[PDB]
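Sequences listed follow chains B and A, in order.
In terms of the entry's author numbering, the first sequence has 46 at position 36, counting the first letter as 1, and numbering is strictly consecutive.
In terms of the entry's author numbering, the second sequence has 107 at position 99, counting the first letter as 1, and numbering is strictly consecutive.
Ideal Cβ positions, reconstructed from N, Cα and C, are used throughout, including at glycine.
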Amino acid sequence: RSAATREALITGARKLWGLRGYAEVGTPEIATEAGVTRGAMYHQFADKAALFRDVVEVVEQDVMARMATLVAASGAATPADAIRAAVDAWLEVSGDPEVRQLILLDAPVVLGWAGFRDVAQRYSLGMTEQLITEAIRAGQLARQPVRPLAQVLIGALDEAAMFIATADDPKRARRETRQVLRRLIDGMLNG
Amino acid sequence: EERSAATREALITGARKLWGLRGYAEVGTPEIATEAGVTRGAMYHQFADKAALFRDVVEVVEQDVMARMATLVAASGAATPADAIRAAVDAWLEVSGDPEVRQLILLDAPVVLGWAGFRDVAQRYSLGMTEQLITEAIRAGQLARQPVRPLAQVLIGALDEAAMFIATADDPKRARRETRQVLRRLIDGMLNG
Ligand SMILES: O=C1C[C@H]2CCC[C@@H](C1)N2CCc1ccc(Cl)cc1
């Protein structure tokens, strides 16, 4: 009922905000894309930022699923290589124009730094802590506090992606940033 | 004129003090005007609104953060660029742990300035020092030759997240000790010396 209205609005908002940006598309154009009335939409989402919060949830869920698939298919032979593949998976997925617009450009502005970090952590801390735990278990990473290392790496990888997203020469920014991340990673990983 | 220039300094000092202690959202401009000993009219002549006074508070706090970082690195006795970077990472956790810096820069500024405004201020103050430390370490052969700006930006992301993780931790003393350990391991993995 309401569930069908919400899903149509989220799908339409993800589509139009992904192409043009949050700031460039109003709720009436999203209601049209979804095939619902302004009244039906206002019942589900009091304002534009509320609909954006639900779009970010669905997009970050998809980002983490896509990364998990790339890591499973990468052929990583050890936990250290799984971390390396996860970093390359994030640079790949972050380059999707919709992910760049919604997550790297719009989400920090609409959610703020605190809001962005909360979403980032809820979606990525589990996978990141698992990668670290498996590398420590395999003796390829020093025994150390898992949560602080996970948090710092998430902050480093989110900033890496945002640097590429806003660069004058994204292709060169991506190449140079991948090199930095690989050096940083390899300095923690043993052998 | 002289009284107006004194009024502006009293307002910045008073706002910095009270917002530092209670947070931006908990102190209004009338209380700040009272603290500074000036009328609402004198305050309005200097600052169009509450957020304009906050932008000037952030400037003086960031100036002091970067001065204190430079002082702590000079006080460390670092004799090589690698030791200067180690000292600068320790100095950031020290400076960002100051309760006024936590409140005004880590909690309030991202909300009041918004993302674009906050990052522009953060970059204007932090990118120069970070890039200088990297360039000196590359020149000394203590860091591999590489593009300076991408490495600087990734480390600033790591160091900003470290500070926010400590600022919001249930046990900040333990979060600071553990975060200092992981940052030291991260930089010691890249530094030749
Ligand atoms: O949707 C997500 C969650 C989080 C917030 C928004 C940007 C990206 C993608 N970061 C995760 C980046 C990341 C974390 C860990 C690893 Cl191993 C790789 C990438």
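Taking the C-beta atoms as reference points, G22(A) is found no nearer than 7 Å to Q111(A). DSSP places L151(A) outside both helix and strand once states are collapsed to three, so it counts as coil.
Contact of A145(A) with chain B is not assigned, every C-beta pair being separated by 7 Å or more. Burial state of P38(B) is exposed, judged by a 10 Å Cβ sphere holding fewer than 16 other Cβ atoms. Distance between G125(B) and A50(A), taken at the CA atoms: about 36 Å. For the 7 Å CB-CB criterion, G165(B) and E9(A) do not form a contact.
Looking at the DSSP output, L199(B) bridges to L151(B). The C-alpha of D64(A) lies about 10 Å from the C-alpha of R16(A). In the DSSP annotation of this structure, the continuous segment of the alpha helix (DSSP H) that includes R48(A) starts and ends at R48 to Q54. Interface with chain B (7 Å Cβ-Cβ cutoff): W123(A) is included.
Going by DSSP, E34(B) is part of no alpha helix (DSSP H) at all; its letter is neither H nor E.
A straight line joining the alpha-carbon of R188(B) with that of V68(B) spans about 26 Å. Chain B has no Cβ within less than 7 Å of the Cβ of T88(A).
When the beta-carbon positions are compared, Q150(A) and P107(A) stay at least 7 Å from each other. Boundaries of the alpha helix (DSSP H) harbouring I93(B): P89 to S104, taken from the DSSP string. Rounded to whole angstroms, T47(A) and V109(A) show a C-alpha spacing of 28 Å. Here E9(A) carries a coil assignment [DSSP, helix/strand/coil]. The DSSP-derived three-state label of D64(A) is helix.
Less than 7 Å separates the beta-carbon of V81(A) from that of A96(A). Going by DSSP, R110(B) is part of no alpha helix (DSSP H) at all; its letter is neither H nor E. Contacts with chain A at 7 Å (Cβ-Cβ) include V162(B).
In this structure, ligand 1 has a non-hydrogen atom nearer than 6 Å to the beta-carbon of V73(B).
Considering only beta carbons, the part of the segment 174-199 of chain B lying closer than 8 Å to chain A consists of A183, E186, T187, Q189, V190, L191, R193, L194, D196, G197 and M198, in chain order. Exposure of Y52(B) is indicated by the presence of fewer than 16 other C-beta atoms within 10 angstroms of its C-beta. The three-state secondary structure of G165(A), taken from DSSP, is helix. When rounded, the separation of the alpha-carbon atoms in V73(A) and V103(A) is 6 Å. In this structure, the CA atom of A175(B) is about 28 Å from the CA atom of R192(A). Using a Cβ-Cβ cut-off of 9 Å, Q71(B) is close to nothing in chain A; its nearest Cβ partner there is about 22 Å away. With respect to the 7 Å criterion, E70(B) and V129(B) are classified as neighbours on the basis of their beta carbons. With a threshold of 7 Å between beta carbons, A148(A) makes no contact with chain B. Excluding residues up to 5 positions away in sequence, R188 lie with their Cβ nearer than 6 Å to the Cβ of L101(B) in the same chain. Judged by the Cβ position, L141(A) fails to qualify as a neighbour of ligand 1 at the 6 Å threshold, every heavy atom of the ligand being at least this far. What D168(B) touches in chain A, judged by beta-carbon distance under 9 Å, is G165 and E169, going in chain order.
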